[PDB]
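Q: Compute the structure for the input listed below.
(3 chains, ligands or ions: 9)
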Amino acid sequence: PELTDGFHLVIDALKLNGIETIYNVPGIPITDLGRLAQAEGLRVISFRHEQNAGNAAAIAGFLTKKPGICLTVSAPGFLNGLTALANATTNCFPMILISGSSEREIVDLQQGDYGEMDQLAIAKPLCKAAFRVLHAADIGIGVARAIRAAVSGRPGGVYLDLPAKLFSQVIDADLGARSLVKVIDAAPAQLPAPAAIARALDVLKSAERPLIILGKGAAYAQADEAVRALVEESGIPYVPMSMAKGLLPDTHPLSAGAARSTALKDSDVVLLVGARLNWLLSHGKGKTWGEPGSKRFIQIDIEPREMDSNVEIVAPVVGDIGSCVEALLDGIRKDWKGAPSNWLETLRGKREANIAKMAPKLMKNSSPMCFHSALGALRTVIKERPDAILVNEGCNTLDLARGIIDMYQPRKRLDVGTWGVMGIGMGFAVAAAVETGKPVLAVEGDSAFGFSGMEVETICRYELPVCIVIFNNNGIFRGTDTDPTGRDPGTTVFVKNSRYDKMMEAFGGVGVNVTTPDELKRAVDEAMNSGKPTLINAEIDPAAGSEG
Amino acid sequence: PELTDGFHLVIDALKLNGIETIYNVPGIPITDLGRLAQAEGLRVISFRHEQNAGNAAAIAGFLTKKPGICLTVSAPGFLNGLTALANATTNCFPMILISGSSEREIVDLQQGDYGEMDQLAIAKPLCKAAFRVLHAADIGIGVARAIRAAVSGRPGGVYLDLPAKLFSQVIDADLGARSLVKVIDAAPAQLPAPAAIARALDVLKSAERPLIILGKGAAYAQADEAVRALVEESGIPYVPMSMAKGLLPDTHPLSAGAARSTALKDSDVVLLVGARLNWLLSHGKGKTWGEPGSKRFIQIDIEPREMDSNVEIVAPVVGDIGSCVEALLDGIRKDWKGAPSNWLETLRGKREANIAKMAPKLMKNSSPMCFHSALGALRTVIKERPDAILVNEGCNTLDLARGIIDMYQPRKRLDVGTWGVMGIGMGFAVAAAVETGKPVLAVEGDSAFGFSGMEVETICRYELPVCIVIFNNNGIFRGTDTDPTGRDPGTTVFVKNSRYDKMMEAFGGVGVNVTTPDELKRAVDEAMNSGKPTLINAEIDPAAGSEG
Amino acid sequence: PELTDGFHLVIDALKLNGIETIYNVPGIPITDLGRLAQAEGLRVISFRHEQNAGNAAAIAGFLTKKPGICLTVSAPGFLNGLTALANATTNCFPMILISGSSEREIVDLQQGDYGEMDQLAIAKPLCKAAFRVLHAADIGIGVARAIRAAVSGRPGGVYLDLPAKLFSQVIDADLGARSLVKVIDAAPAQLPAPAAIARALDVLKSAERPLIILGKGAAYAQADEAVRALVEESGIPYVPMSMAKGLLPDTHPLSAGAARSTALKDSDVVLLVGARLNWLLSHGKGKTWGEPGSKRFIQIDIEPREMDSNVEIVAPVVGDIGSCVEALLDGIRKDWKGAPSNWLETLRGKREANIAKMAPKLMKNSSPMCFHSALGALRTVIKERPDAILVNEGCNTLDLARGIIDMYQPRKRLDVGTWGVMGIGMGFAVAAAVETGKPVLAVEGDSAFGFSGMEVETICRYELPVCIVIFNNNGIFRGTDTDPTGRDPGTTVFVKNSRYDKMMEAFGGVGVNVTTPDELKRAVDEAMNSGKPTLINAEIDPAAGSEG
Ligand SMILES: Nc1ncnc2c1ncn2[C@@H]1O[C@H](COP(=O)(O)OP(=O)(O)O)[C@@H](O)[C@H]1O
Ligand SMILES: Nc1ncnc2c1ncn2[C@@H]1O[C@H](COP(=O)(O)OP(=O)(O)O)[C@@H](O)[C@H]1O
Ligand SMILES: Nc1ncnc2c1ncn2[C@@H]1O[C@H](COP(=O)(O)OP(=O)(O)O)[C@@H](O)[C@H]1O
Ligand SMILES: Cc1ncc(C[n+]2csc(CCOP(=O)(O)OP(=O)(O)O)c2C)c(N)n1
Ligand SMILES: Cc1ncc(C[n+]2csc(CCOP(=O)(O)OP(=O)(O)O)c2C)c(N)n1
Ligand SMILES: Cc1ncc(C[n+]2csc(CCOP(=O)(O)OP(=O)(O)O)c2C)c(N)n1
Ligand SMILES: [Mg+2]
Ligand SMILES: [Mg+2]
Ligand SMILES: [Mg+2]
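A: Residues are numbered from 1 along each chain as shown, chains lettered A, B, ... in the order given. Ligands and ions are numbered 1, 2, ... in the order given. I have put the structure below:
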């Protein structure tokens, strides 16, 4: 009768579970797998490097709460994708790295097969889960296992190994169709115990200076209405982490973002909503949090092992952010005195003061452009385009764009994440445009852009509405370092006055060079209104910024 | 008295053992280490991605027989360099991956440190050896162990973990000097037992159709005149593997490289000199080697475990290739009746027949230009510049240049190696220029170039004598595949008529576009005579080549 | 002021979190730690082999829902305990392996330290979590991380590495006390989504022949009242897995355990309660589960990744068993038409018929005594002592005892578990006596007893009320195999008539040798009435049973 093969079973299983996009790099043994995927209706985005394909799948999971799919080749390409898979596991982004595998009997004897590697054994230390499928009748379960492990609990990167012999296996079509699995409740809701919610309300009500910390886990949870209702109805000031910006508008009257240091030092009870007390929050120790013993933490997290990871947590609340926030909110709507207005006014005054010190730098046109004057232009662009996605990476380009550029809608800012990775830029830009269809503004340091620069060709090839702004200051941090022996360039500088706009022109994209904030503002508007792939080489003062 | 620190002990340990070059990417916590190396006289080449820095270190080890040094950054950058470190282990290239790491007490408890990763534990499954240095007094011993493990036995990649607190430690300067170790016999000679040489000669004399196969291990050994004497004085025909080309000149009268399939099929005794019976030699099984049981193998390898890896080896000879071929040459000099005449003259038959079949394809003009006609010009360049270095990667551009371009001096060709990696090009080109001082011809496929093309800025920054030729056929293998749904481009194509030469001009380099073999020869000759960094975009027929 | 050290901080951290018993084997560097633990009130149990101390800590966690503590020694003893730690992770038992480790700077360079091993990196691929504490101020958080990982989520074995340098560090006593963490909600409740509960009930209400399967996860949860109510109020027949026997009395009228084949083969909807569809349930595949597509599974489990692991689960319920069973039970009390009576009467007939065939063998008293008749005596013992603990391991001794001996109270049967490990017997028996204070009856095969028999001295030394019954059939499976060459004993046999009773008396315990079921009965009653350590050597027909 009718027959099917491993090629079609893999594709049929992915389509059955809502997968629409495959980021990949072709080659042996997965070339015809990607072709069949494209012929079956899936959109296939081919990159110049598997790591950039993996970065796209990673941020795609963050944007969609569905696992981003990265398909790669044996050993060398698998390793390029595994580095992105490890970064996805670090940031709690759901993702499935699918990779071709060589002949199992040669690899297990280490006889030197083509692209030889026990990729299953190599992947496990660096990701959340790893599975290998040897039989075509198990492709449905294998994909189902990979999806569950990627989106359930704490989301993360999963590795799905498919040996080349699997694709050519042939079984009965009706048998294979019944073997496919459409996953029921891939990321199930987990509700907290009422005894834990009651303990959290008790601590929260006792606070003289409470504070909510919104992490990117709260943004990933996509409980926007519930999270915002928790902030407003409680009246407690909040501070968003980098990728939680825009969940509430960064100009919200309860936002203490421009007063982050005071809100963290002077608070007494802190509510962590999908935010880890890691290096980004000084591990809960030091002067950042005031004197030892002055803090009490309530924590909302799907992973119960994250509790007591750094300091004592008196009110652990385990469950998905959607279910736990609504449980806290339902306890607040039935009983809540109010946040002390003294704490509100202290943060509001210090916030306005910091914004006042910031305002002159934004309107300080000078030659050459400083970081502040250029970001003042891009901040207005985002304010005028609150639906656009902002990719951002670098050091000065990153740390200053985070504090200057206000976000207004959730999940619109995508940056270096937990490992502080340089190289996420162009891969994130491709996935942001592919997944959402919104315009992407990619604010890049010139050192950060170089880690993934060749993907501007991929951006051009698929005609994506990405506007790349390179803060060209001729180096890492600054461009003033020099060789004391007078023989080489500096360890941290690049070719002086590099014209990255000419690099974009090499692939049919728009290339612009600007030297003033107004020239930058006009060039960005032209690019984001037209939707054409654009790279804007912006000249930044090589002396401005910091070495850190 | 005077004090020193871990920053200086690390440099003084590397200086003491002959390290002259550091390939790296600056950042936390190793930026000051790279600046001090510049101040202490080492050459620091800073790349745009860490993988290309490590690819440079791997090929620099192959060229120098001294370990190549890649200095990287914590976890995100360590993983980027670890990929190339694993490739060096696969190709037996001596290399040391030096990476900073975070606080040991925060990573041990997995509390989310800056760039958190137990890089020692993660490196061990992927490289030859891994070490971590906690105390400054052990920096010298740590560097010693890293060097010995890198160059001794079968060479390979070594990871050296330096925690950030190690640099800041301060000890007595005189005590620190007496802690440094100048390694004695880092790669010692290993001489084979006479009874194993005798077993080999008995098998060799019994041969009626003997064959020598020179692998890149023999080219790495730098026993050139001995290896050549073994070939010429025994009269036995030889077949050179890819990167063993040029060890003997490829037009040598004893070369059966143009009769490779006949030499491998009909021979009865094969002498492997630093060559593994892996996928590159069909694992010693199948029709490539004629009928089963018709082969007896003599294998010369430093690794005793390489024997009997795939098929039975009747005459194993374990030791460094220098000591082994010389001991084998003495036995031949004392007792050898020559090589059977009709076997050498049968190979000359198929050799001259295959070359004559190739000739009309090297002179056939076409529009667009094909692979064979363009490589016929590049073959003349290498013949006219016989001491220039050839870097070559791709698929059609790789396999066709390997058979068309003849090398004349040893260690002059650097290609994808054992894993078939794409992305080594610009890294190998940088190291070849820096380590040797020779000119570099980089023959690249457009897909292969994309994996590492961003480093053309590094090629320009240090003004290295690199001439890049992109075989632009608009995609992988071919440039004709299309999306059957007509929505996106095909999975294996790129932006049609991409002008990579414009990208080179973005960083100050020379950019040329050529369309004929005659134009290609002029541009290469001008670039390699001037020594200026140059990228030549060669338009290749999108329909030429092989689809696989 | 007042000072404290790492020794006291480790002990006080365990005492603060409710730890009361430490299973260990003393040595360098943890000898003085165990001494301090005993001096500080904790009960320290010293074994003859670390693997048996770990097996004690493993089943101790299953019995108490608090992690069992094994203290071991560097590398060689760590590896012994790690083997038990891996098995605890396989069986989802909460357990912490605390090992001392060598000098970190010497191990990191692999210089050959006393007990040199990176025990953190070795334990990670074999257990659920692993941490290493370097500073005394992190001992409190370190213990809190080990406890949370051990009991929360799917419980499992955790490794806690304590370098020897840690124990001797001295800090302020008030600073040290404030650094301790008393874990809040170490194993939090996880409530299921109402929509998931609605889906399960609807699938349940549509069942013509529903079946409940209770796994040892339901026994571990200690929701005995809720689980018994779910079965008795729904009227659905249930099948208990091995260590779930007794949760409901094995003679409960709703039990179909004596009709297991018909229940598993002919049912249509199967509610798994803490049971995995693994080898012990034929992976939900094959004739065991009837015809393909005749089954629909509801699964209650705390691990969301366990769903769809073998076959498709149409109704996954994710949460702790206490919350999910109560959630199911709440809806059943609102609307439930009652279980189909034809399904009950069909199974009740099969249960009556099956027990009839087992009946004659249970009282067939031949000479030598056979497996069925001897276990028939021990089946009477457990009925008369429903509060006593049963430990059971072997092959024939395991399978037949599992089916013949009925359990009447929850968590009284402790057997080989998920991996089928031989050697859990004596370690489990020590933990069961110490943790529960109840009489322990250990039914052992002579081959299984050899994996841990040396621990009978541990039983005697601590005067534990353990009654050991060795089923001495003189070999593995059977004692009839011989050497076909007539030189050695058979590969599977032992010394004929080995007097394990006279071995017990070598350490002060009571030893008996019985040959009839009544002799076994009178000896077991006498042993368990007195509470003295006793071993009965029961002479079993060497030809009885099966093999393989
Ligand atoms: N759906 C979810 N429900 C609850 N917690 C979540 C969910 N998704 C992610 N998290 C938690 O969010 C936390 C994010 O921590 P981090 O990634 O450090 O946020 P940021 O880095 O913005 O502070 C992780 O601990 C993760 O477990
Ligand atoms: N100095 C040396 N002396 C002897 N054998 C060596 C030396 N350096 C490398 N080798 C051997 O060379 C062999 C190269 O195998 P391969 O890398 O497969 O060469 P190719 O790929 O050109 O055949 C390896 O087995 C390695 O052990
Ligand atoms: N507290 C709990 N709440 C829910 N499920 C649990 C709990 N403790 C253990 N489990 C589940 O119990 C299951 C045990 O499966 P198994 O160990 O195979 O039981 P048996 O061996 O009787 O089948 C595991 O999947 C584990 O996740
Ligand atoms: C993969 C990786 N490699 C290296 C680093 C170290 N690093 C941190 S920031 C940075 C570059 C910062 O320079 P740039 O992108 O030009 O932004 P600027 O500060 O100059 O505005 C680097 C290389 C890193 N974080 N990740
Ligand atoms: C890291 C890695 N990714 C993917 C592959 C699969 N692969 C094999 S050859 C090749 C590129 C061939 O295209 P090109 O470089 O343009 O040479 P051409 O055949 O077009 O002349 C690729 C991507 C690989 N070998 N390595
Ligand atoms: C650690 C370990 N080693 C080996 C085995 C293999 N094995 C399974 S059952 C068994 C012994 C069965 O013989 P016995 O314990 O005497 O019980 P009997 O069947 O004779 O009643 C063994 C060795 C195992 N399950 N575990
Ligand atoms: Mg910069
Ligand atoms: Mg190409
Ligand atoms: Mg036995």
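
Q: residues near residue A:105, how many?
A: 10 (other CB atoms under 10 Å in any protein chain shown). Backbone N, C-alpha and C define where each C-beta goes, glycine included.

Q: can you confirm it is in a helix?
A: Yes - assessed with DSSP: H, G, I helix; E, B strand; the rest coil, residue A:105 lies in a helix.

Q: Can you tell me how far it is from ligand 9?
A: Relative to ligand 9, residue A:105 is positioned 37 Å away (criterion: CB to the ion, to the nearest Å).

Q: now swap in residue A:36 and tell me
A: On the measure of CB to the ion, residue A:36 and ligand 9 end up 56 Å apart.

Q: Which secondary structure state is assigned to that residue?
A: Once three-state DSSP is applied, residue A:36 turns out helix.

Q: which residues does the residue lying closest to it once chain neighbours are set aside contact?
A: Spatially, and ignoring its direct neighbours in sequence, residue A:36 is nearest to residue A:7 (5.2 Å; CB to CB, 6 or more residues apart in numbering or on different chains). Contact analysis of residue A:7 by CB atoms under 8 Å, 6 or more residues apart in numbering or on different chains lists A:32, A:33, A:36, A:167, A:168.

Q: In space, what's closest to the fourth one - neighbours in sequence excluded?
A: This points to residue A:167. residue A:6 (4.2 Å).

Q: Around the one you found, how many other residues sit close by?
A: For residue A:6, using other CB under 10 Å, the count is 24.

Q: And the one 3 residues further on, by the same measure?
A: Around residue A:9 there are 27 other residues, counting by other CB under 10 Å.

Q: That one contacts residue A:173, doesn't it?
A: No - contact criterion CB atoms under 8 Å: residue A:9 and residue A:173 do not qualify, at 9.6 Å.

Q: Quick check: whichever residue of the stretch 351-500 of chain A sits closest to chain B vs residue A:500, distance?
A: The nearest approach of the stretch 351-500 of chain A to chain B comes at residue A:450, 3.4 Å away (CB to the nearest CB). Separation of residue A:450 from residue A:500 (CB to CB, to the nearest Å) stands at 9 Å.

Q: With residue A:96 instead?
A: According to CB to CB, residue A:96 and residue A:500 sit 33 Å apart.

Q: got it, and residue A:357?
A: For residue A:357, the distance to residue A:500 - CB to CB - is 32 Å.

Q: Between the two, which is the more surrounded one?
A: Neighbours of residue A:357 and residue A:500, each counted by other CB under 10 Å, are more numerous for residue A:500; the result is 26 against 9.

Q: Disregarding residues adjacent in the polypeptide, which is nearest to the more buried one?
A: residue A:537 is the one closest to residue A:500 (CB to CB, 6+ apart), at 4.6 Å.

Q: what packs against the helix or strand where the one you found lies?
A: Following DSSP states H and E, the helix or strand that holds residue A:537 is strand A:534-539. Using 3 or more CB pairs under 8 Å, 6 or more residues apart in numbering or on different chains; DSSP states H and E, the elements in contact with strand A:534-539 are strand A:466-472, helix A:500-505, strand A:510-514, helix A:517-530.

Q: Check the spacing between the residue nearest to residue A:167 and residue A:170 real quick.
A: 8 Å.

Q: Need the residues touching each of those two.
A: Contacts common to residue A:6 and residue A:170, judged by CB under 8 Å, 6+ apart, are residue A:136.

Q: returning to what we had before: of all the helices and strands packed on strand A:534-539, which lies closest to residue C:387?
A: Of all the helices and strands packed on strand A:534-539, strand A:466-472 sits nearest to residue C:387, with 71.0 Å by CB to CB.

Q: Report the distance from that closest one to the chain centre.
A: 18 Å (CA atoms, centre = their mean, to the nearest Å).

Q: ok, it: who's next to it in the sheet?
A: Next to strand A:466-472 in the sheet, as set by DSSP bridges, lie strand A:440-445 (parallel), strand A:534-539 (parallel).

Q: That one and ligand 7, any residue contact?
A: No - using CB under 5 Å from the ion, we find that strand A:466-472 stays clear of ligand 7, coming within 6.1 Å at best.

Q: Now tell me what touches that strand from outside.
A: A:371, A:374, A:378, A:394, A:396-397, A:426, A:429-430, A:432-433, A:439-446, A:449, A:456, A:459, A:497-498, A:500, A:504, A:520, A:524, A:527-528, A:533-540.
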